[PDB]
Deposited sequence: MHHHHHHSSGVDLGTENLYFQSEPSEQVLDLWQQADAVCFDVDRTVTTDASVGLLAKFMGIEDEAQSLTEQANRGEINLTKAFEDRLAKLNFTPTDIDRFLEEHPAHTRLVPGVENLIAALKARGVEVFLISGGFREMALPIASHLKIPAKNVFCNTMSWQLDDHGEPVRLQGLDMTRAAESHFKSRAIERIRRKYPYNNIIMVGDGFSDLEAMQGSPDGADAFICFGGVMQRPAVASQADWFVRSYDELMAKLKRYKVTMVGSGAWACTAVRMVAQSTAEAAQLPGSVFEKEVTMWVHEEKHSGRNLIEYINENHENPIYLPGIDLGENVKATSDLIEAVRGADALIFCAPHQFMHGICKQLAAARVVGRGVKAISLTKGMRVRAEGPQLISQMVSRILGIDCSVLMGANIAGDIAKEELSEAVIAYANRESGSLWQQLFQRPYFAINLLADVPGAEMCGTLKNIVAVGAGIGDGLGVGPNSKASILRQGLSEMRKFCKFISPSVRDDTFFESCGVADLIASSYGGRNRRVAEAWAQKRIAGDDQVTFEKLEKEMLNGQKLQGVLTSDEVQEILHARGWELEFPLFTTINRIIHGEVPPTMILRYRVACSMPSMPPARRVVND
């Protein structure tokens, strides 16, 4: 009894697990349990072997036991009552099937027996009839349904499943030869056969099995359990880890939890607080600097060592101010601590300029760490979500398997998640919208009214759209209508830090203060938190200058020219003109 390298992988990376009914899910075989109650035991048991059903004449047990009858529907009703399909299940199998479904593995029953027997078992395990592959008895039916009785089954059923669903790794779990057949018959069959000899062993079928087990807690305990590490500890990082921590605490209250209960959070050490910050977080479950008054749960564990935070981690969340991200990825690469099977997601907004082009955080993680990286982008001002005000976000998945994991991790009753395939569109919207929020706040600082502010947003959204098409034409218009697009741009233009600081900057510039800078105000206003829109403005302007697109994006350009003092703030609604106008003295 023991597994094997790439088999264990297939079990852990499974997209669907198919269970045989008779003697893998049920303690007793159906045909015989039905023989008793029907008093034909030995007539049956004289059919249930290999001197009869070992070659037979032209029939197997199921097909033949059916032939034996003068038997009526009210009888099948009775029997299912005498043996309620909850008394019939091998211990540990309900817990195993529940665990699989809880992490999005689809579960099938595939049986060579009677449908009328498998469906109550399916109903009990929460498996839909849609997922039960099993022939019915031949019933005469009439004009509603059911007065009186009138090879390669499992490999073929697996072939149909494979053509119907986006599943690539499909496992067969069973005791008989029909189950072994599920893999051996045809190449599009099961990718692995696990033989369950908990009820009946069967040395000949166990021998060609990919894995032989006696208990289901043998399978359960080889289910992957993801350890989660949050890389970052700012305002949004902490309210994020707080939501993520609530999910794992929920998942660990059930047997086959897909997540470790404890979430690790890397906290960058700052000179003015040193080690005391980390210790405060672990003792009081609060980041009192970046998210004061908010209880990160009791299952959040802070550490200041980046390598140690990451080493055990199966699920990495990247959420740090974007100017730091390149250095953070370079450190993790050098340490060789990120296994290539690790799932990553980025919550970060901002980009690096590379080869005269945009590199978003998710592209940075993939290129440098060699792993796939999803994103979570939405209208998400942290402080309010930390207080559990209703909010929403898009998760754009690198591939569909990731999406399911991330959604289970991040979705809370106050934080609704929408899965999208468009990672380049979500991510570029999340990043570019902070430029527009700077423009929006320069507007506010000027005093402009709702009509004019709406113009800045309209033009901003239209240029986000255009830039997305200039750089990744795959991007779908639909994406701008989701939470990562128009929702985020609005919340950030009316309630974000970029708007807030840019308003103050523009008020001061107008009043004569020609020396005030965004860097100074960031220090003065944001209490350690990081301004992202002006950095993003410069990053994009670098790309615009390089590609000669300064006039293709007039609002982006006049916002940068205003930040850097070539155009006066008052020209913000005059972008069509301010983008090309000669600089001021």
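Could you sort out which parts of the deposited sequence are absent from the coordinates (no C-alpha) and give them as ranges from 1?
According to the record, the gaps fall at 1 to 21, 172 to 181, 617 to 624.
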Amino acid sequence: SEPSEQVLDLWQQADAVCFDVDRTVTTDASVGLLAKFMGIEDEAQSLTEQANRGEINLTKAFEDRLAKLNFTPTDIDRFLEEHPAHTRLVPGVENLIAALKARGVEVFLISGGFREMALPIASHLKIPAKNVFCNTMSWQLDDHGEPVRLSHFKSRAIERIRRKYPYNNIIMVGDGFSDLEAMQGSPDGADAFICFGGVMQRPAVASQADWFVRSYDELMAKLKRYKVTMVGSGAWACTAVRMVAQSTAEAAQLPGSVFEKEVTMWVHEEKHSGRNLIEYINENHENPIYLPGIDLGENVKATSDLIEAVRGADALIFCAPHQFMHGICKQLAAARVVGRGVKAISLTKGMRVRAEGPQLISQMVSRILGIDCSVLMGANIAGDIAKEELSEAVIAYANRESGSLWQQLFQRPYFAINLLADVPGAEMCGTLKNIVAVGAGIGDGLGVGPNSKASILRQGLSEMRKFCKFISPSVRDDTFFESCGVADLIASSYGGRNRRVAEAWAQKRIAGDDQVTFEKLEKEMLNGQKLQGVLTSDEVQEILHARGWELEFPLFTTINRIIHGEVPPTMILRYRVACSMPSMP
From here on, numbers count along this sequence of modelled residues.
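Taking only the CA atoms, which stretch has the higher mean B-factor in the record, 434 to 442 or 155 to 163?
Per the PDB record, 155 to 163.
Where do the C-alpha atoms have the higher mean temperature factor in this entry, in 208 to 216 or in 499 to 507?
Here the higher of the two C-alpha B-factor means belongs to 208 to 216.
Identify, among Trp549, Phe556, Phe37, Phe518, the residue whose C-alpha carries the highest B-factor in the deposited PDB entry.
Of the candidates given, the C-alpha B-factor peaks at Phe37.
From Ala237, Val199, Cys484, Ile328, pick the one with the largest CA B-factor in the entry?
If I rank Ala237, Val199, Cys484, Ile328 by C-alpha B-factor, first place goes to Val199.
Quick check on the deposited entry: does the C-alpha B-factor of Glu63 sit in the lowest, middle or highest third of its chain?
Tercile = highest for this residue's CA B-factor.
Mind checking which third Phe79 falls in for C-alpha B-factor across the chain?
Answer is highest: the recorded C-alpha B-factor places it there.
Could you place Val534 in the lowest, middle or highest third of its chain by Cα temperature factor, using the values in the record?
Lowest third - that is where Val534 ends up once the chain's C-alpha B-factors are sorted.
Ranking every modelled residue in this chain by its Cα temperature factor as given in the entry, which third contains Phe71?
Tercile = highest for this residue's CA B-factor.
Ordered by C-alpha B-factor within the chain, which third holds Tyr290? Give me lowest, middle or highest, please.
Bottom third by C-alpha B-factor.
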